[PDB]
Structures are given as structure tokens and as C-alpha cells.
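Chemist: File name input38.txt; file contents compact mmCIF, C-alpha atoms and all ligand atoms; full text below.
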```txt
# COMPACT_ATOMS: atom_id res chain seq x y z
CA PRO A 1 0.00 0.00 0.00
CA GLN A 2 0.96 3.65 -0.31
CA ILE A 3 0.77 5.30 3.10
CA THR A 4 0.55 9.08 3.07
CA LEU A 5 2.12 11.09 5.88
CA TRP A 6 -0.66 13.62 6.46
CA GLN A 7 -1.40 11.58 9.61
CA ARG A 8 0.84 9.33 11.67
CA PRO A 9 1.51 6.10 9.72
CA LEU A 10 -0.19 3.74 12.17
CA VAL A 11 -0.83 0.13 11.18
CA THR A 12 -2.13 -3.00 12.85
CA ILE A 13 0.42 -5.69 13.55
CA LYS A 14 0.09 -9.22 14.88
CA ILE A 15 2.68 -10.56 17.31
CA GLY A 16 2.65 -13.32 19.90
CA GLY A 17 -1.04 -13.85 19.20
CA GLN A 18 -1.96 -10.22 19.94
CA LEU A 19 -3.20 -7.52 17.57
CA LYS A 20 -1.62 -4.13 18.22
CA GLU A 21 -1.40 -0.68 16.67
CA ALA A 22 2.09 0.46 15.75
CA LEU A 23 3.82 3.44 14.15
CA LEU A 24 5.94 2.86 11.01
CA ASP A 25 9.12 4.74 11.90
CA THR A 26 11.89 5.16 9.31
CA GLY A 27 13.86 7.07 11.97
CA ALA A 28 14.01 4.01 14.25
CA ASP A 29 16.86 1.53 13.91
CA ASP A 30 14.89 -0.96 15.97
CA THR A 31 11.36 -2.15 16.61
CA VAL A 32 10.23 -1.32 20.14
CA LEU A 33 6.93 -2.43 21.65
CA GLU A 34 5.21 -1.48 24.90
CA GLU A 35 5.51 -4.00 27.76
CA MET A 36 4.35 -7.48 26.81
CA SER A 37 5.56 -11.03 27.15
CA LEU A 38 7.52 -12.73 24.41
CA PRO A 39 8.96 -16.26 24.21
CA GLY A 40 12.60 -17.23 24.54
CA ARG A 41 15.69 -15.75 26.09
CA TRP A 42 16.33 -12.01 26.11
CA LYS A 43 19.15 -9.63 26.97
CA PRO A 44 19.08 -6.08 28.30
CA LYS A 45 19.76 -3.14 26.01
CA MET A 46 19.70 0.64 26.28
CA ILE A 47 18.16 2.54 23.38
CA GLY A 48 17.92 6.27 22.89
CA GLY A 49 15.84 8.84 21.11
CA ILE A 50 14.48 12.29 21.83
CA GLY A 51 14.57 12.77 25.57
CA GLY A 52 17.31 10.25 26.26
CA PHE A 53 17.57 6.50 26.85
CA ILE A 54 15.30 3.74 28.15
CA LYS A 55 16.18 0.16 29.11
CA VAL A 56 14.48 -2.63 27.16
CA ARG A 57 14.55 -6.43 26.81
CA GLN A 58 15.83 -7.70 23.47
CA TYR A 59 14.21 -10.77 21.93
CA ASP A 60 15.55 -12.22 18.70
CA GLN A 61 13.91 -14.29 15.95
CA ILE A 62 10.39 -13.01 16.69
CA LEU A 63 7.67 -13.48 14.07
CA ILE A 64 5.51 -10.44 13.34
CA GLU A 65 2.89 -9.67 10.73
CA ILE A 66 2.40 -6.12 9.45
CA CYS A 67 -0.43 -5.51 6.96
CA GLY A 68 -0.42 -9.13 5.85
CA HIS A 69 3.34 -9.15 5.43
CA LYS A 70 5.13 -11.68 7.62
CA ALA A 71 8.55 -10.78 8.99
CA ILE A 72 11.15 -12.21 11.35
CA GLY A 73 13.42 -10.03 13.46
CA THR A 74 14.62 -8.66 16.79
CA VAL A 75 11.93 -7.01 18.89
CA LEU A 76 12.69 -4.80 21.89
CA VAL A 77 10.16 -4.57 24.75
CA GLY A 78 10.14 -1.75 27.30
CA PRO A 79 8.56 1.53 28.58
CA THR A 80 8.16 3.06 25.16
CA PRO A 81 5.25 5.51 24.94
CA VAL A 82 4.20 4.08 21.54
CA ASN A 83 4.64 0.79 19.61
CA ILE A 84 7.30 1.41 16.96
CA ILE A 85 8.15 -0.62 13.85
CA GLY A 86 11.75 0.21 13.01
CA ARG A 87 13.96 -0.32 9.98
CA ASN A 88 14.90 -3.87 10.97
CA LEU A 89 11.37 -5.02 10.12
CA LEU A 90 10.39 -2.28 7.63
CA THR A 91 13.02 -3.67 5.24
CA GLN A 92 11.55 -7.16 5.49
CA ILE A 93 8.11 -6.07 4.30
CA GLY A 94 9.71 -4.15 1.43
CA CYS A 95 8.89 -0.71 2.79
CA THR A 96 10.55 2.31 1.15
CA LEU A 97 10.28 6.12 1.30
CA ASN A 98 9.41 7.78 -1.99
CA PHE A 99 9.19 11.33 -3.26
CA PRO N 1 13.81 9.22 -5.42
CA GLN N 2 13.20 5.92 -3.66
CA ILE N 3 14.99 5.38 -0.36
CA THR N 4 15.35 1.84 1.02
CA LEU N 5 15.75 1.30 4.74
CA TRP N 6 18.68 -1.12 5.00
CA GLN N 7 20.60 1.91 6.30
CA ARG N 8 19.39 5.05 8.09
CA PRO N 9 17.58 7.36 5.64
CA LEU N 10 20.13 10.18 6.04
CA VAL N 11 20.01 12.95 3.49
CA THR N 12 21.54 16.36 2.94
CA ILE N 13 19.41 19.41 3.68
CA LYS N 14 20.21 23.07 3.21
CA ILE N 15 19.15 25.68 5.72
CA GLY N 16 20.51 29.18 6.16
CA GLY N 17 22.75 28.53 3.16
CA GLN N 18 24.49 25.70 5.00
CA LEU N 19 24.40 21.97 4.25
CA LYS N 20 23.63 19.57 7.09
CA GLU N 21 22.82 15.88 7.35
CA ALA N 22 19.33 14.93 8.51
CA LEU N 23 17.24 11.83 9.12
CA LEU N 24 13.92 11.39 7.25
CA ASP N 25 11.67 10.31 10.13
CA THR N 26 8.09 9.14 9.47
CA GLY N 27 7.58 8.53 13.16
CA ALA N 28 8.15 12.22 13.94
CA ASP N 29 5.29 14.73 13.76
CA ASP N 30 7.76 17.59 13.75
CA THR N 31 11.17 18.58 12.43
CA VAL N 32 13.84 19.02 15.14
CA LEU N 33 17.30 20.39 14.42
CA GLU N 34 20.46 20.57 16.50
CA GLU N 35 21.40 23.97 17.98
CA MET N 36 21.88 26.54 15.25
CA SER N 37 20.96 30.14 14.53
CA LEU N 38 17.65 30.97 12.84
CA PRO N 39 16.01 34.37 12.13
CA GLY N 40 12.95 35.89 13.77
CA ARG N 41 11.11 35.23 17.00
CA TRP N 42 10.59 31.80 18.48
CA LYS N 43 7.91 30.26 20.69
CA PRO N 44 8.29 27.57 23.35
CA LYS N 45 7.42 23.95 22.73
CA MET N 46 7.85 20.71 24.67
CA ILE N 47 8.17 17.52 22.56
CA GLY N 48 8.25 13.93 23.67
CA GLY N 49 10.20 11.08 22.19
CA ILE N 50 11.41 7.64 23.19
CA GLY N 51 13.10 8.61 26.55
CA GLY N 52 11.10 11.62 27.68
CA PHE N 53 10.47 15.24 26.77
CA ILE N 54 12.76 18.09 25.83
CA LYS N 55 12.17 21.82 25.50
CA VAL N 56 12.78 23.31 22.06
CA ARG N 57 12.58 26.68 20.32
CA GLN N 58 9.90 26.85 17.62
CA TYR N 59 10.61 28.90 14.50
CA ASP N 60 7.91 29.21 11.83
CA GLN N 61 8.02 29.70 8.05
CA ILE N 62 11.69 28.73 7.79
CA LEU N 63 13.09 27.92 4.35
CA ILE N 64 14.69 24.49 4.19
CA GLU N 65 15.68 22.36 1.21
CA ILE N 66 15.61 18.58 1.49
CA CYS N 67 17.28 16.48 -1.21
CA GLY N 68 16.77 19.41 -3.54
CA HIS N 69 13.09 19.86 -2.66
CA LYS N 70 12.22 23.25 -1.18
CA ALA N 71 9.98 23.49 1.86
CA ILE N 72 9.01 26.41 4.10
CA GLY N 73 7.69 25.49 7.50
CA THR N 74 8.12 25.04 11.23
CA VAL N 75 11.54 24.03 12.48
CA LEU N 76 12.20 23.20 16.11
CA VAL N 77 15.68 23.73 17.58
CA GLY N 78 16.92 21.91 20.64
CA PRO N 79 19.08 19.13 22.18
CA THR N 80 18.21 16.46 19.65
CA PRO N 81 20.60 13.51 19.12
CA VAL N 82 20.42 14.07 15.33
CA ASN N 83 18.71 16.42 12.83
CA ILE N 84 15.22 15.00 12.24
CA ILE N 85 12.93 15.79 9.30
CA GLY N 86 9.39 15.03 10.47
CA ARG N 87 6.03 14.66 8.75
CA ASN N 88 5.40 18.41 8.70
CA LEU N 89 8.13 18.72 6.05
CA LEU N 90 8.00 15.21 4.59
CA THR N 91 4.47 16.08 3.40
CA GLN N 92 5.73 19.30 1.77
CA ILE N 93 8.21 17.37 -0.38
CA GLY N 94 5.59 14.73 -1.29
CA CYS N 95 7.00 11.77 0.62
CA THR N 96 5.01 8.56 1.16
CA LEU N 97 5.79 5.12 2.61
CA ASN N 98 5.35 2.25 0.17
CA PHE N 99 5.26 -1.53 0.34
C1 LIG A 101 11.11 13.86 16.92
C2 LIG A 101 9.83 13.96 17.77
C3 LIG A 101 8.87 14.99 17.16
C4 LIG A 101 10.16 14.32 19.23
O1 LIG A 101 9.12 12.61 17.75
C5 LIG A 101 9.70 11.42 18.21
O2 LIG A 101 10.73 11.31 18.86
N1 LIG A 101 8.95 10.35 17.77
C6 LIG A 101 9.39 8.97 18.05
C7 LIG A 101 8.20 8.07 18.36
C8 LIG A 101 7.31 8.60 19.43
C9 LIG A 101 6.21 9.39 19.10
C10 LIG A 101 5.41 9.93 20.09
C11 LIG A 101 5.70 9.68 21.42
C12 LIG A 101 6.79 8.89 21.76
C13 LIG A 101 7.58 8.35 20.76
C14 LIG A 101 10.18 8.35 16.90
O3 LIG A 101 9.36 8.28 15.76
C15 LIG A 101 11.43 9.18 16.59
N2 LIG A 101 12.23 8.51 15.60
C16 LIG A 101 13.65 8.43 15.94
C17 LIG A 101 14.25 9.82 16.17
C18 LIG A 101 15.72 9.78 16.51
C19 LIG A 101 16.63 9.20 15.63
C20 LIG A 101 17.99 9.15 15.93
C21 LIG A 101 18.45 9.68 17.13
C22 LIG A 101 17.56 10.26 18.02
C23 LIG A 101 16.19 10.31 17.71
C24 LIG A 101 13.97 7.55 17.14
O4 LIG A 101 13.47 7.74 18.25
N3 LIG A 101 14.84 6.58 16.89
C25 LIG A 101 15.27 5.66 17.92
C26 LIG A 101 14.19 4.59 18.15
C27 LIG A 101 14.55 3.50 19.15
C28 LIG A 101 15.45 2.41 18.56
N4 LIG A 101 16.18 1.70 19.42
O5 LIG A 101 15.47 2.19 17.34
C29 LIG A 101 16.58 5.03 17.44
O6 LIG A 101 16.77 4.81 16.24
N5 LIG A 101 17.49 4.79 18.38
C30 LIG A 101 18.76 4.16 18.04
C31 LIG A 101 19.81 5.23 17.69
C32 LIG A 101 20.18 6.14 18.84
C33 LIG A 101 21.24 5.81 19.69
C34 LIG A 101 21.60 6.65 20.75
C35 LIG A 101 20.91 7.84 20.95
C36 LIG A 101 19.85 8.19 20.10
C37 LIG A 101 19.50 7.33 19.05
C38 LIG A 101 19.23 3.28 19.19
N6 LIG A 101 20.01 2.25 18.87
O7 LIG A 101 18.88 3.51 20.34
```
Give the structure from this file in C-alpha cells form.
Ligand SMILES: CC(C)(C)OC(=O)N[C@@H](Cc1ccccc1)[C@@H](O)CN[C@@H](Cc1ccccc1)C(=O)N[C@@H](CCC(N)=O)C(=O)N[C@@H](Cc1ccccc1)C(N)=O

Modeler:
Amino acid sequence: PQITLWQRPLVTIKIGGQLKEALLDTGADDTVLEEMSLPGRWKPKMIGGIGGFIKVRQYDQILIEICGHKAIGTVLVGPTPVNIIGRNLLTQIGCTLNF
Amino acid sequence: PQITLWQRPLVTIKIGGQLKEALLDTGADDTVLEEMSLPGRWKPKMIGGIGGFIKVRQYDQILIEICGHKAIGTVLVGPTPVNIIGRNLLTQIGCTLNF
């Protein structure tokens, strides 16, 4: 699909059996979701953005579906104010910026 | 042009006759630039990102060129980790997300 940017590019995603709303963020290296449980081992990580850093749990090899497109990748879980789909998964669904 | 996301979508912008590097950020409502000098009066604004909020100076109707595309809009100046081009200006240059 072609997503305009007049409004925030919010999409529904499916992960760990849950449907969630997430922001497609080309300015995010990683995908960060609000607190939730995920399977497998995880390791701590510190990620930053506007306002500073937050500590998150890093899970690898997580399956996610965004607009019918299935992807596999690392997913960070922590006190993020919004669910964010970063470049690590945007590439997998073939998402590009165009103008 | 079409910009893939295997790497950060960093581009060259021109503001105040000077070239700077900036990140095309679809997850950002606004455009935030690192400390620099801009003309006119500014208004106060508090913006929130991944690790909290920061105070910035808001300048309106500022001329800024992005990848050769001219835009004139609101530019926020403050302690941002990197120069961010948000939706307010991405829309002016006709940018969309596609997959
Ligand atoms: C700019 C503005 C108007 C304040 O909006 C946001 O910050 N919006 C953010 C989402 C949001 C919206 C509303 C409320 C809360 C949160 C996000 O879209 C901004 N995109 C980038 C902006 C950016 C880019 C580079 C540097 C600083 C800031 C981002 O946060 N990116 C983070 C996302 C988290 C992540 N882990 O991917 C990122 O790429 N961080 C990297 C790079 C990094 C390292 C160290 C410091 C800063 C940034 C990282 N590995 O931590």
C-alpha cells in the first residue's frame, strides 16, 4: 500500500497472538513495543531517542505480521510511549520512502 | 527518489545557506534540528520522544531544502541527538511510505 504522511503512519500488527497498533518509523533503527511477554531468552539493552535513553529487553527471531506481510526479526520490549516498527522489520516487508 | 531502509535514511538538507545531514523520520510529527541560529522570533514547545520530553525553540516559516526539494515550515531547535525531518516537512516534499 501507499501510506501518506498527512497523519501518523499507524498500522495493525500481529505478534505473539496479539493484535496491536504500531507506528511505522523510518527514523528508528529498531522495533520497540510497549511492555508485553515474548517467548525465549532475552538480553538487556539501552536505546535512545528524543529525551534520552530507556532500558528494554531484546528478543531475537520473533515473528511479526504487518499488513499481511510476515517478517522475522529482533523485537525490543520496554517503557516506550508508543509501539514502533523500526527499519529492521520495515526492510523485510519491502517498505521504502518515496518522493 | 526511492529510499530503502537497509541503512538510516540520512540525506543532505540546506538551511541558512548551509548543508547539514538529517534523518527522514516518518515517526516524527515535527522537524527538530540541533542547535543553530535561525532568524525571527521563536515560541516555546515541549516535545516527547522515546526517553522523555525536551524543551525546544519553535521557528515558523523557515526555508529548508531537502534532497533538492524546497519546503518552508516550522523548524524546532533543541538538544536532539540528530537532525530529524518530520512529517510536517515530509508532506511538503511529497513523501510517502510504500510496500
Ligand atoms: C522527533 C519527535 C517529534 C520528538 O518525535 C519522536 O521522537 N517520535 C518517536 C516516536 C514517538 C512518538 C510519540 C511519542 C513517543 C515516541 C520516533 O518516531 C522518533 N524517531 C527516531 C528519532 C531519533 C533518531 C535518531 C536519534 C535520536 C532520535 C527515534 O526515536 N529513533 C530511535 C528509536 C529506538 C530504537 N532503538 O530504534 C533510534 O533509532 N534509536 C537508536 C539510535 C540512537 C542511539 C543513541 C541515541 C539516540 C538514538 C538506538 N540504537 O537507540

Chemist: 8 Å from ligand LIG 101 (chain A) is the threshold here; counting only C-alpha atoms and all ligand atoms, which polymer residues fall inside it? Answer as JSON, numbers by chain.

Modeler: {"A": [23, 24, 25, 26, 27, 28, 29, 30, 31, 32, 46, 47, 48, 49, 50, 51, 52, 53, 76, 80, 81, 82, 84, 86, 87], "N": [23, 25, 26, 27, 28, 29, 30, 31, 32, 47, 48, 49, 50, 51, 52, 53, 80, 81, 82, 83, 84, 86]}

Chemist: Write out as number ranges by chain each polymer residue whose atoms come within 12 Å of residue A:21, counting only C-alpha atoms; drop sequence neighbours fewer than 3 positions from it.

Modeler: A: 8-15, 18, 24, 33-34, 65-67, 82-85

Chemist: Fit chain N to chain A, all Cα atoms paired in order, least squares. Then write it as an mmCIF file with C-alpha atoms, in the coordinates of the input.

Modeler:
```
data_model
loop_
_atom_site.group_PDB
_atom_site.id
_atom_site.type_symbol
_atom_site.label_atom_id
_atom_site.label_comp_id
_atom_site.auth_asym_id
_atom_site.auth_seq_id
_atom_site.Cartn_x
_atom_site.Cartn_y
_atom_site.Cartn_z
ATOM 1 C CA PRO N 1 0.252 -0.204 -0.172
ATOM 2 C CA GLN N 2 1.142 3.479 -0.239
ATOM 3 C CA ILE N 3 0.895 5.363 3.044
ATOM 4 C CA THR N 4 0.724 9.176 3.009
ATOM 5 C CA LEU N 5 1.900 11.142 6.016
ATOM 6 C CA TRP N 6 -0.910 13.639 6.628
ATOM 7 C CA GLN N 7 -1.687 11.471 9.669
ATOM 8 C CA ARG N 8 0.558 9.208 11.760
ATOM 9 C CA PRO N 9 1.410 6.026 9.820
ATOM 10 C CA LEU N 10 -0.344 3.738 12.330
ATOM 11 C CA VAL N 11 -0.988 0.192 11.232
ATOM 12 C CA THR N 12 -2.166 -3.067 12.734
ATOM 13 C CA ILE N 13 0.439 -5.709 13.527
ATOM 14 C CA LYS N 14 -0.021 -9.210 14.864
ATOM 15 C CA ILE N 15 2.334 -10.696 17.410
ATOM 16 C CA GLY N 16 1.746 -13.664 19.677
ATOM 17 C CA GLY N 17 -1.630 -14.102 17.986
ATOM 18 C CA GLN N 18 -2.747 -10.682 19.204
ATOM 19 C CA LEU N 19 -3.456 -7.549 17.163
ATOM 20 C CA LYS N 20 -1.846 -4.284 18.240
ATOM 21 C CA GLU N 21 -1.472 -0.837 16.717
ATOM 22 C CA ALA N 22 2.029 0.283 15.757
ATOM 23 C CA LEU N 23 3.771 3.249 14.170
ATOM 24 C CA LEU N 24 5.879 2.732 11.007
ATOM 25 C CA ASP N 25 8.995 4.713 11.950
ATOM 26 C CA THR N 26 11.765 5.323 9.386
ATOM 27 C CA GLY N 27 13.733 7.289 11.938
ATOM 28 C CA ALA N 28 14.021 4.232 14.201
ATOM 29 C CA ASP N 29 16.814 1.687 13.719
ATOM 30 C CA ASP N 30 14.959 -0.802 15.874
ATOM 31 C CA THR N 31 11.467 -2.026 16.683
ATOM 32 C CA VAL N 32 10.302 -1.221 20.242
ATOM 33 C CA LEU N 33 7.070 -2.558 21.704
ATOM 34 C CA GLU N 34 5.164 -1.731 24.869
ATOM 35 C CA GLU N 35 5.386 -4.227 27.760
ATOM 36 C CA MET N 36 4.103 -7.623 26.707
ATOM 37 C CA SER N 37 5.066 -11.267 27.053
ATOM 38 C CA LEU N 38 7.401 -12.881 24.514
ATOM 39 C CA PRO N 39 8.987 -16.379 24.474
ATOM 40 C CA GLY N 40 12.619 -17.318 25.016
ATOM 41 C CA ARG N 41 15.571 -15.563 26.584
ATOM 42 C CA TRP N 42 16.244 -11.864 26.280
ATOM 43 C CA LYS N 43 19.398 -9.746 26.316
ATOM 44 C CA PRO N 44 19.867 -6.216 27.649
ATOM 45 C CA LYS N 45 19.925 -3.179 25.408
ATOM 46 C CA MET N 46 19.970 0.579 25.973
ATOM 47 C CA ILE N 47 18.376 2.711 23.207
ATOM 48 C CA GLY N 48 18.333 6.448 22.809
ATOM 49 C CA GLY N 49 15.597 8.607 21.408
ATOM 50 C CA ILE N 50 14.515 12.230 21.479
ATOM 51 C CA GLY N 51 14.572 12.743 25.329
ATOM 52 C CA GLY N 52 17.223 10.297 26.482
ATOM 53 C CA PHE N 53 17.847 6.578 26.810
ATOM 54 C CA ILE N 54 15.752 3.726 28.124
ATOM 55 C CA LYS N 55 16.604 0.134 28.982
ATOM 56 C CA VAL N 56 14.765 -2.538 27.006
ATOM 57 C CA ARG N 57 14.616 -6.325 26.756
ATOM 58 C CA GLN N 58 15.871 -7.687 23.429
ATOM 59 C CA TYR N 59 14.150 -10.743 21.966
ATOM 60 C CA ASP N 60 15.453 -12.224 18.707
ATOM 61 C CA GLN N 61 13.789 -14.138 15.859
ATOM 62 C CA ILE N 62 10.275 -13.132 16.917
ATOM 63 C CA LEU N 63 7.441 -13.643 14.435
ATOM 64 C CA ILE N 64 5.513 -10.457 13.738
ATOM 65 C CA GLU N 65 3.079 -9.599 10.956
ATOM 66 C CA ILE N 66 2.789 -6.019 9.745
ATOM 67 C CA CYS N 67 -0.129 -5.040 7.505
ATOM 68 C CA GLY N 68 -0.309 -8.670 6.472
ATOM 69 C CA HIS N 69 3.415 -8.956 5.721
ATOM 70 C CA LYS N 70 5.254 -11.549 7.803
ATOM 71 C CA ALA N 71 8.595 -10.719 9.374
ATOM 72 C CA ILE N 72 10.792 -12.590 11.855
ATOM 73 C CA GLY N 73 13.320 -10.500 13.696
ATOM 74 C CA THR N 74 14.485 -8.611 16.758
ATOM 75 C CA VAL N 75 11.840 -6.996 18.919
ATOM 76 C CA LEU N 76 12.708 -4.783 21.861
ATOM 77 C CA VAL N 77 10.297 -4.496 24.802
ATOM 78 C CA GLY N 78 10.278 -1.561 27.168
ATOM 79 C CA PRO N 79 8.662 1.721 28.347
ATOM 80 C CA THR N 80 8.016 3.141 24.904
ATOM 81 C CA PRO N 81 5.283 5.788 24.435
ATOM 82 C CA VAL N 82 3.882 3.789 21.476
ATOM 83 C CA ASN N 83 4.629 0.556 19.556
ATOM 84 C CA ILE N 84 7.317 1.429 16.995
ATOM 85 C CA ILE N 85 8.197 -0.574 13.876
ATOM 86 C CA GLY N 86 11.770 0.372 12.973
ATOM 87 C CA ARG N 87 13.987 -0.152 9.941
ATOM 88 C CA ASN N 88 14.998 -3.657 11.017
ATOM 89 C CA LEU N 89 11.456 -4.812 10.187
ATOM 90 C CA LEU N 90 10.504 -2.160 7.632
ATOM 91 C CA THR N 91 13.256 -3.629 5.418
ATOM 92 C CA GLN N 92 11.831 -7.150 5.850
ATOM 93 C CA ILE N 93 8.447 -6.066 4.482
ATOM 94 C CA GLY N 94 10.067 -4.145 1.592
ATOM 95 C CA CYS N 95 9.259 -0.599 2.672
ATOM 96 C CA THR N 96 10.868 2.447 1.031
ATOM 97 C CA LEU N 97 10.365 6.219 1.277
ATOM 98 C CA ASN N 98 9.348 7.884 -1.976
ATOM 99 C CA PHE N 99 9.029 11.420 -3.286
#
```

Chemist: Between atom CA of residue A:61 and atom CA of residue A:3, what is the distance in Å, rounded to a tenth?

Modeler: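 Value for the atom CA of residue A:61-atom CA of residue A:3 distance: 26.9 Å.
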
Chemist: Looking at all atoms listed in the file, which of N:1, N:73, N:40, N:78 is the one that sits closest to chain A?

Modeler: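 Of N:1, N:73, N:40, N:78, the one nearest chain A, counting all atoms listed in the file, is N:1.
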
Chemist: Tell me, in Å to one decimal, how far atom CA of residue N:39 is from atom CA of residue N:88.

Modeler: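 Going from atom CA of residue N:39 over to atom CA of residue N:88, I get 19.5 Å.
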
Chemist: Just give me the gap between atom CA of residue A:4 and atom CA of residue A:22 in Å, one decimal is fine.

Modeler: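 According to the coordinates, atom CA of residue A:4 and atom CA of residue A:22 are separated by 15.4 Å.
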
Chemist: Smallest atom-to-atom distance to chain A: which of N:56, N:19, N:36, N:75, using all atoms listed in the file?

Modeler: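 Of N:56, N:19, N:36, N:75, the one nearest chain A is N:56, counting all atoms listed in the file.
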
Chemist: Hey, what's within 9 Å of residue N:99 if we count all atoms listed in the file and toss same-chain stuff fewer than 5 positions away? As a list in words, please?

Modeler: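 Skipping anything fewer than 5 positions along the chain leaves residues 1, 2, 3, 90, 93, 94, 95 and 96 of chain A.
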
Chemist: Considering only C-alpha atoms, state which residue in the set N:45, N:37, N:54, N:89 is at the smallest distance from chain A.

Modeler: N:54

Chemist: Got a sec: who's within 10 Å of residue A:41, counting only C-alpha atoms, leaving out chain neighbours fewer than 4 positions off, as an NGL selection string?

Modeler: :A and (57-60)

Chemist: From the coordinates I just gave you, please extract stretch 80-91 of chain N so that only N, CA and C atoms remain, then output it as an mmCIF file, in the first residue's frame.

Modeler:
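File produced: decode_9.cif:
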```cif
data_model
loop_
_atom_site.group_PDB
_atom_site.id
_atom_site.type_symbol
_atom_site.label_atom_id
_atom_site.label_comp_id
_atom_site.auth_asym_id
_atom_site.auth_seq_id
_atom_site.Cartn_x
_atom_site.Cartn_y
_atom_site.Cartn_z
ATOM 1 N N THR N 80 18.586 17.699 20.301
ATOM 2 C CA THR N 80 18.211 16.457 19.651
ATOM 3 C C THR N 80 19.476 15.674 19.323
ATOM 4 N N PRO N 81 19.423 14.335 19.429
ATOM 5 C CA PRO N 81 20.599 13.513 19.122
ATOM 6 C C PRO N 81 21.065 13.644 17.669
ATOM 7 N N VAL N 82 20.124 13.918 16.763
ATOM 8 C CA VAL N 82 20.422 14.068 15.332
ATOM 9 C C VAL N 82 19.374 14.990 14.697
ATOM 10 N N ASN N 83 19.677 15.559 13.528
ATOM 11 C CA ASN N 83 18.713 16.419 12.828
ATOM 12 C C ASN N 83 17.604 15.506 12.300
ATOM 13 N N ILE N 84 16.361 15.818 12.648
ATOM 14 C CA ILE N 84 15.223 14.996 12.244
ATOM 15 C C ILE N 84 14.236 15.748 11.360
ATOM 16 N N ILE N 85 13.914 15.180 10.197
ATOM 17 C CA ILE N 85 12.930 15.793 9.301
ATOM 18 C C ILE N 85 11.634 15.016 9.546
ATOM 19 N N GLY N 86 10.652 15.679 10.157
ATOM 20 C CA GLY N 86 9.395 15.029 10.472
ATOM 21 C C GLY N 86 8.314 15.175 9.420
ATOM 22 N N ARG N 87 7.132 14.632 9.711
ATOM 23 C CA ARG N 87 6.027 14.663 8.754
ATOM 24 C C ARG N 87 5.615 16.051 8.285
ATOM 25 N N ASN N 88 5.797 17.069 9.121
ATOM 26 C CA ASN N 88 5.396 18.406 8.702
ATOM 27 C C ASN N 88 6.117 18.811 7.414
ATOM 28 N N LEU N 89 7.377 18.390 7.255
ATOM 29 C CA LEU N 89 8.131 18.718 6.047
ATOM 30 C C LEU N 89 8.154 17.561 5.044
ATOM 31 N N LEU N 90 8.026 16.328 5.520
ATOM 32 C CA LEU N 90 7.996 15.205 4.590
ATOM 33 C C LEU N 90 6.785 15.376 3.661
ATOM 34 N N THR N 91 5.675 15.871 4.209
ATOM 35 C CA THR N 91 4.474 16.083 3.398
ATOM 36 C C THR N 91 4.689 17.184 2.360
#
```
